[PDB]
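Data block below; observations after.
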Amino acid sequence: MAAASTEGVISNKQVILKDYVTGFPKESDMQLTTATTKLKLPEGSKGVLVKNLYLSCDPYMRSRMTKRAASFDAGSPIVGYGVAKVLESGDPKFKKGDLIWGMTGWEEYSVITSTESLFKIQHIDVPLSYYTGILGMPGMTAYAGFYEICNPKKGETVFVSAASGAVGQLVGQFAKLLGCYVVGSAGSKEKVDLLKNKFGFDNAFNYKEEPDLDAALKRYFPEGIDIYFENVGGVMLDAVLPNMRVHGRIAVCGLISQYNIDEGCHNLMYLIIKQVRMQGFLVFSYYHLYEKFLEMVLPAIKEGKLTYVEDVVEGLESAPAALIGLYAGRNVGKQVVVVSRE
Ligand SMILES: NC(=O)c1ccc[n+]([C@@H]2O[C@H](COP(=O)([O-])OP(=O)(O)OC[C@H]3O[C@@H](n4cnc5c(N)ncnc54)[C@H](OP(=O)(O)O)[C@@H]3O)[C@@H](O)[C@H]2O)c1
Ligand SMILES: COc1cc(/C=C/C(=O)O)ccc1O
Ligand code: NA
Ligand code: NA
């Protein structure tokens, strides 16, 4: 038996970063703990006290576990994108019961000191977890990278790495809707089948089973690649470079094969031979397009023109393993943690 607190103290489970990470992250680099909270905003707060509902696992989070976005603080909760319910607000834009997405804590209850970088959700006729993926930062990344960086055109050939993931699965669908020929690489038969059968990619292959990536790309792109949407780097980038078309483009979205350990790109001469534009981008520079993105994507989801696959795990207790799993390809589609459905 446990008495209720006569001071309104309740339990707040948290995922702490125990210490900074070298090499690949391990579950034991994080600690599940139970903190206490009074569900009350600090005096003068212009922010929100929220109940966290869903948390995103995103590849960039590993970089914040290295001591030097600013690093995570050892001894403090992991932070990252999530979907939350407002309990109390210092900003009358938000009231109790409103749903938000934005950066929040890996904990049951967070205080978010400023609301300037929160989005108030209005459309709730989709799974709320979508606001960590297709309707959040990964969806924005796919939209900006494909439409704003790749200068895509009907009939162009498109190759996507990590193609069944949060970003890649949308890039391929956008490209198919534009009338492009689209191929994806992924790390399992299950993901290759998902690309062809759920997302409508023209083709896909399992890079882990291909000893000769150049021959795999030539199988699918006998006249080369107009657009490479780069999520992985490493061996796949070297294999792609000789297969680019003249005036081809490489949108450098991510390089996840290098996030935990080093790797040299050896085929850059093909940028000259094929007059290729290889261009990095950050989703943050395109958030001004978010409302225009939602005007396109919401009806497309409703009409079944776009679809999405999430990997959902239950409880904060699952969050450390779900985050480390990104670097092993454990996720099938966009990795979500359910902290609380309501
Ligand atoms: N603003 C930005 O520029 C921006 C924003 C968001 C994301 N990104 C980048 O976009 C990429 C995809 O993000 P996402 O959220 O869509 O992740 P995701 O694809 O849902 O998950 C990561 C995937 O990476 C693949 N992977 C992991 N280690 C690998 C390796 N060593 N070699 C090849 N593939 C590996 C795995 O897929 P397989 O099973 O297929 O191997 C894994 O499922 C990441 O590089 C991320 O950093 C950049
Ligand atoms: C949002 O996701 C990403 C962001 C970055 C870079 C951020 C910065 O340089 O400020 C890199 C890879 C990512 O997946
Ligand atoms: Na073409
Ligand atoms: Na990695």
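With ideal geometry, Cβ positions are generated from the backbone for all residues, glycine too; neighbour counts draw on all protein chains shown. Please treat every number below as a calculation from the coordinates, not as lab data.
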Exercise. Roughly what would the spin-label model give for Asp125 and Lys95, points 7 Å off Cα along C-beta, in nm?
Worked result: 2.2 nm
Exercise. Computed FRET efficiency, Cβ-Cβ of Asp214 and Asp73, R0 56 Å: what is it to the nearest 0.05?
Worked result: 0.80
Seminar exercise, completed: Hydrodynamic calc, the stretch 134-308: Kirkwood Rh from Cα pairs, then Stokes-Einstein at 25 °C with viscosity 0.890 mPa s, so D in µm² s⁻¹ is 152 µm²/s
Problem set entry | Residues listed by number, the stretch 127-157, amide nitrogen under 11 Å from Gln279 label point at 7 Å toward C-beta | 145-152
Seminar exercise, completed: Note, the stretch 35-40: 3J(HN,Hα) by Karplus (6.51, -1.76, 1.60, θ = phi - 60°), whole Hz, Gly/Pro = x, goes 8, 10, 9, 9, 6, 9
Seminar exercise, completed: Counting sequence-distant residues (5 or more places) and residues on other chains, those with an amide H built under 5 Å from that of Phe94 are none
Exercise. If we restrict to alpha carbons, what Rg and Dmax does the chain come to, in Å?
Worked result: 21.1, 74
Exercise. Once you put a point 7 Å from the Cα of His247 and another 7 Å from the Cα of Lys26, both along the Cβ direction, what distance in nm separates them?
Worked result: 5.3 nm
Exercise. Which order do peptides 28-34, 98-104 fall in by mean Cβ count within 10 Å, highest first?
Worked result: 98-104, 28-34
Problem set entry | q = 0.11, 0.22 Å⁻¹: log10 I(q)/I(0) that the Debye formula gives for the stretch 65-173, counting C-alpha atoms only | -0.48, -1.20
